[PDB]
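Colleague: Based on what follows, work out the 3D shape:
(chains A and B, ligands or ions: 3)
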Protein chains: 2
Amino acid sequence: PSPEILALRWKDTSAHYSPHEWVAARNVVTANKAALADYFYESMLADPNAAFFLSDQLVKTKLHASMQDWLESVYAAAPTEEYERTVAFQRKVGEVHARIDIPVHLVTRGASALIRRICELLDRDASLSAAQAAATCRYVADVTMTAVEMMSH
Amino acid sequence: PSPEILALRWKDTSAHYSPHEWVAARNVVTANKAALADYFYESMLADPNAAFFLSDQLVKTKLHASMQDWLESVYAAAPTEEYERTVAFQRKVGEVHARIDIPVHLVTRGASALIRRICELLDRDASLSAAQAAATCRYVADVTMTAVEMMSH
Ligand code: HEM
Ligand code: HEM
Ligand code: HEM
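Modeller: Residues are numbered from 1 along each chain as shown, chains lettered A, B, ... in the order given. Ligands and ions are numbered 1, 2, ... in the order given. Next up is the structure itself:
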């Protein structure tokens, strides 16, 4: 659909959470982006269906950088009101994955592992209350699922 | 698509987790299904966009029962190999929601709140290790997102 419609989708999803959630998620994710990208790659390697698309160290470096780029894209949208930019990024990742035939089940597998790991970081962050950790975790799951939907189209 | 293709999708997603995850999720969810359904309804009521589709106590009772039914459907599939039955249930819920124009963003909002709440129950369950809690939480997110996708089609 139109950028406008997709941007409105991200905005509607984000609007259910407060700017404190948007910022707490952006802070924790961006502070741990390399570790998150490292964990994602190890998750892929440990799964034969995903490892089927992996090869050498050069591709490992590219995957790590692109994951860091995606984490920045996803978490920047709501607090910067750059909905249209994030939405185009998701459609581009989807087009790149589809052209190489990455099955959606592996994308959702990776997204599930990211949701849990980000949520663990939030529960460990001393500066967040348990209320804040849970609300930000809900936001994380919601934008992650929303991104997966956009990629899949 | 065909039941066969959708059933294979659920099977492929579920196959990434061990039967211990499938059973731990089913046990905790089914033991807390009414509380989960109660929490879901309170989540809807507290959100003006969702409350827009709520009315009286009679509908509250129907929503509570259907949520309990969905939780049983989702968590039964993998451990009983009843992929086709769960997959038909998701398409039916999708058809029911679409006919009444429930926006997808509110479905994903609810799914995010379910993922967090189920994951909290798993982290609190004394009989699960932290390793098991995290793996079962990943499974919960993965089948939840998978179900939302099927509903949305
Ligand atoms: C949450 C899940 C995922 C996210 C957010 C993600 C994100 C990305 C991004 C941002 C790119 C770069 C796109 C571009 O060039 O503009 C990319 C490319 C790619 N992704 Fe993913 N991806 C995910 C899942 C996966 C999975 C499960 C696999 C493999 C099983 C995979 C393998 C690849 C590969 C092979 C490329 C191309 C790498 C290259 O340039 O050689 N991705 N992905
Ligand atoms: C590989 C194929 C597809 C995948 C994996 C896919 C996936 C998804 C997912 C994951 C969601 C919502 C879940 C979430 O928000 O996390 C969704 C919603 C939706 N899907 Fe698809 N889809 C596919 C193909 C299609 C096609 C071909 C159509 C229509 C021609 C379609 C129409 C829709 C519509 C209309 C919605 C709800 C509208 C919205 O919220 O943007 N999908 N899809
Ligand atoms: C994870 C999210 C959701 C799940 C799993 C879910 C599940 C279900 C199920 C199982 C049914 C019964 C379908 C049937 O008759 O066979 C249903 C119907 C319905 N759902 Fe949902 N739903 C979700 C989100 C929502 C949301 C966000 C709303 C409102 C904003 C909503 C409002 C309704 C309504 C009004 C009905 C029809 C109730 C009636 O019979 O009068 N649902 N849903």
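
Colleague: For chain A, which segments are assigned as helices?
Modeller: Here chain A has its helices, by DSSP state H, at A:3-14, A:19-31, A:33-45, A:48-51, A:57-80, A:83-99, A:104-124, A:130-152.

Colleague: Tabulate those in CSV, adding columns for distance to chain B and mean neighbour count.
Modeller: (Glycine included, C-beta is placed from N, CA and C.) Putting the helices of chain A into CSV (distance: least, CB to the nearest CB, whole Å; neighbours: other CB atoms under 10 Å in any protein chain shown) gives the following:
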stretch, distance to chain B, mean neighbour count
helix A:3-14, 5, 18
helix A:19-31, 11, 19
helix A:33-45, 9, 17
helix A:48-51, 8, 13
helix A:57-80, 13, 16
helix A:83-99, 13, 17
helix A:104-124, 4, 22
helix A:130-152, 4, 22
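
Colleague: Which of the ones you listed sits closest to ligand 3?
Modeller: helix A:130-152 (10.5 Å; CB to the nearest ligand atom).

Colleague: anything in the closest one near ligand 2?
Modeller: Yes. With CB under 6 Å from any ligand atom as the measure, helix A:130-152 is seen reaching ligand 2 through A:145-146, A:148-149, A:152.

Colleague: residue contacts, the closest residue to residue A:109 other than its chain neighbours?
Modeller: Closest residue to residue A:109 apart from its sequence neighbours, by CB to CB, 6 or more residues apart in numbering or on different chains: residue B:16 at 5.4 Å. Residue B:16 sits next to A:47, A:49, A:105, A:109, B:139, B:142 when contact means CB atoms under 8 Å, 6 or more residues apart in numbering or on different chains.

Colleague: among the residues you listed, which two are most distant?
Modeller: A:49 and B:139 (15.5 Å; CB to CB).

Colleague: Leaving out sequence neighbours, find the closest residue to residue A:135.
Modeller: Take residue A:135 and drop its neighbours on the chain: the residue closest to it by CB to CB, 6+ apart is residue A:21, 5.2 Å away.

Colleague: again with residue A:143
Modeller: residue A:74 (5.6 Å).

Colleague: Contacts only, for residue A:84.
Modeller: A:3-4, A:6-7.

Colleague: In a markdown table, list those along with distance to residue B:119.
Modeller: Shown next, in a markdown table, are the contacts of residue A:84 (distance: CB to CB, whole Å):
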| residue | distance to residue B:119 |
| --- | --- |
| A:3 | 33 |
| A:4 | 34 |
| A:6 | 28 |
| A:7 | 29 |
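
Colleague: Tell me which two in the residues you listed are the farthest apart.
Modeller: The span of these, defined through CB to CB, is set by A:4 and A:6 at 7.4 Å.

Colleague: can you pull the contacts of the residue lying farthest from the centre of chain A?
Modeller: Most distant residue from the mean C-alpha position of chain A: residue A:56, 23.7 Å away (CA atoms, centre = their mean). Contact criterion CB under 8 Å, 6+ apart gives no residues in contact with residue A:56.
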